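**Q** Give me coordinates for this.
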Amino acid sequence: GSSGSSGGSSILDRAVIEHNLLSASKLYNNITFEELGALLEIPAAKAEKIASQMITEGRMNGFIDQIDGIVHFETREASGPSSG
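**A** Residues are numbered from 1 along each chain as shown. Let me share the structure:
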């Protein structure tokens, strides 16, 4: 299984990615690791881990879809199904 797996390569501004992740979460309703990484200029592997790390860090709200490999971001003014 030839997977990306990007350890150390670029030490770009990690803060930017963190914010960008939050910015995109408020911008792009949904984006893939490939695109997300292209936005942060980072690899999907990094954006994937970062995205996941962000959620775990509480920085980002939502979950990562491994079924479609898309990052599910939260949208302003949202809750879900009708509770009751």
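**Q** C-alpha only now, for contacts and for neighbours.
**A** OK.
**Q** What are the buried residues along stretch 7-15?
**A** For stretch 7-15, burial by neighbour count (16 or more other C-alpha atoms under 10 Å) applies to no residue.
**Q** Just the CA trace of that stretch, in CSV.
**A** This file holds the C-alpha atoms of stretch 7-15, laid out as CSV (Å, rounded to 0.1, in the frame of the first residue of the first chain):
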residue,chain,number,x,y,z
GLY,A,7,7.0,13.2,7.7
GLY,A,8,9.5,15.9,7.4
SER,A,9,10.0,18.0,4.3
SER,A,10,8.7,21.5,4.7
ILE,A,11,8.7,23.5,7.9
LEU,A,12,6.4,26.1,6.4
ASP,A,13,4.3,28.2,8.7
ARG,A,14,2.3,25.6,10.6
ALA,A,15,0.2,28.4,12.2
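**Q** chain center to it: distance?
**A** Taking C-alpha atoms, centre = their mean, to the nearest Å, the mean C-alpha location of stretch 7-15 is offset from the chain mean by 15 Å.
**Q** Contacts made by that stretch with the rest, please.
**A** For stretch 7-15, the external contacting residues (C-alpha atoms under 8 Å, 6 or more residues apart in numbering) are residue 46.
**Q** for stretch 67-84, same thing?
**A** 25-26, 28-33, 51, 60-65.
**Q** All the helices of the chain, residue numbers only.
**A** Assigned by DSSP state H, the chain shows helices spanning 14-26, 33-39, 44-56.
**Q** Show me which residues of the shortest one are buried.
**A** In other words, helix 33-39. Neighbour-count burial for helix 33-39, with 16+ other C-alpha under 10 Å as criterion, is recorded at 33, 34, 35, 36, 37, 39.
**Q** As CSV, those with distance to residue 18 would be great.
**A** Converted to CSV, these look like this (distance: C-alpha to C-alpha, whole Å):
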residue, distance to residue 18
33, 14
34, 16
35, 15
36, 12
37, 12
39, 12
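**Q** mind giving me a markdown table with the helices of the chain and columns for distance to residue 1?
**A** As requested, the helices of the chain are arranged in a markdown table below (distance: least, C-alpha to C-alpha, whole Å):
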| stretch | distance to residue 1 |
| --- | --- |
| helix 14-26 | 27 |
| helix 33-39 | 18 |
| helix 44-56 | 14 |
